[PDB]
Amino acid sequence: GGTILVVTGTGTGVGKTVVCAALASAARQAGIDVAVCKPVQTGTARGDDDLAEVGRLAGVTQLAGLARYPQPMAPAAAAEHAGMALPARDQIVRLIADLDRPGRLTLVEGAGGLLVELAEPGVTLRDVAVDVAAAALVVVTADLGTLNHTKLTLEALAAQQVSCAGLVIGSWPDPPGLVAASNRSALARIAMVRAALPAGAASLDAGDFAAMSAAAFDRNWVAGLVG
């Protein structure tokens, strides 16, 4: 195959989609082929479409979804409110494996934080990660509380021997206050911090977002993701 990364986060609203787009953008400019996959997508009735937003910021054309629920809730609840069911575990794995391909980087963005239920019964993105032998990239905030949430998430990853590919601070304020600056230093002691995306990046146009994306990550780390 190729390389699969699940792109998880310490919670919902932390910047997973923007990180998916930025890493996708940076890997494309390195000549790497990129697919982004969004198996469970809630809140469509509010115009939430994470695949579309990755396409809008990054120009990614290989977008694969699967389940779509109208309400902006946890997938279990959004499905119950629509009269629908959750996908099965193997349905999600199949969607990912069909994208996987030598030389391709396949990013898999979850619904919210790592332990959210994606498929019956209580199947999470952690289980999906184990099935496809993927590593997890954890998107974190710079805000008060991020150290605990990060440690909890990493611990839950190691419970099932899912490797951590590093952290990404989804939104990095300019200028950074005392708490942000301190947290960035402390997060670096817990794991490799791969990038710190500037706040408001979704308002950068194609070229600016691509500029920001290449500068955000270490070139050698991005290139070493896929052989």
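Between two forms, the rigid core is the largest collection of C-alphas that superpose within 1.5 Å. All residue numbers are counted from 1 along the displayed sequence.
> Using RMS Cα distance over all structures and residues, flag whichever of 198-206 and 157-165 lies farther from this form in 8 other deposited structures of this protein after a core fit.
Once the cores are fitted, 198-206 deviates more in 8 other deposited structures of this protein.
> Out of 118-126 and 131-139, which one drifts farther from the shown form in 8 other deposited structures of this protein in terms of CA positions, with the fit done on the rigid core?
Of the two stretches, the larger average C-alpha offset in 8 other deposited structures of this protein falls on 118-126.
> Taking only the CA atoms, which stretch has the higher mean B-factor in the record, 212-220 or 7-15?
Going by the record's values, the stretch with the higher mean is 212-220.
> Taking the mean of the C-alpha B-factors per stretch from the entry, tell me the winner out of 35-43 and 59-67.
If you average the C-alpha B-factors of 35-43 and of 59-67, the larger mean comes out for 59-67.
> Would you mind checking which of 155, 120, 143, 100 has the top Cα temperature factor in the PDB entry?
It is 120.
> Could you say which of 162, 168, 181, 190 has its CA atom at the highest B factor, as listed in the PDB entry?
Max CA B-factor in the entry, restricted to 162, 168, 181, 190: 190.
> Would you mind checking where the Cα B-factor of residue 110 ranks among the modelled residues of its chain, as the lowest, middle or highest third?
Within its chain, residue 110 is a middle-third residue by C-alpha B-factor, going by the deposited values.
> Determine, from the deposited record, the chain-internal third of the Cα B-factor for residue 74: lowest, middle or highest.
Its C-alpha B-factor, which the entry lists for residue 74, ranks in the lowest third among residues of this chain.
> Looking at the C-alpha B-factor of residue 200, is it in the lowest, middle or highest third of its chain?
Its C-alpha B-factor, which the entry lists for residue 200, ranks in the middle third among residues of this chain.
> Splitting the chain's C-alpha B-factors into thirds, which one does residue 133 fall into?
Its C-alpha B-factor, which the entry lists for residue 133, ranks in the highest third among residues of this chain.
> How does residue 27 rank on Cα B-factor within its chain, lowest, middle or highest third?
Tercile = highest for this residue's CA B-factor.
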